[PDB]
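S.K.:
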Amino acid sequence: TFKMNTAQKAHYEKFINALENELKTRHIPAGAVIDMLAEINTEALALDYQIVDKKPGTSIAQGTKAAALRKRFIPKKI
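Taking full-length UniProt numbering, the leading residue of the sequence shown gets 24, the next gets one more, and so forth.
1) Do three or more CB pairs link the stretch 59-77 to the stretch 85-92 at distances below 8 angstroms?
2) Only counting the same chain, and skipping five residues up and downstream in sequence, which positions put a Cβ closer than 8 angstroms to that of residue 47?
3) When we look at the beta-carbon of residue 34 and count the other beta-carbons within 10 Å, is it buried (16 or more) or exposed?
4) Would residue 81 and residue 53 be called neighbours here (beta carbons separated by less than 8 angstroms)?
5) Going by DSSP in three states, residue 73 sits in which element: helix, strand or coil?
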């Protein structure tokens, strides 16, 4: 993340934290993850970065924490 600016990082962290919070109470199926990626990347585009799923097409388990989420959903400047 040293490559990204403060706006990109703030947006990304807001997403990671929101996702962790969602996952406190539920599992998120693979199809929902795909839809989520489109939603968040449509926003991230306005900030000139994208989030890449390193485990594409998979679900996310309940209780997954921010640290694990950051290893899977990686931000890259466009």
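Idealized CB from N, CA, C, for every residue including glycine.
M.R.: By the coordinates alone:
1) no
2) 85, 86
3) buried
4) yes
5) strand
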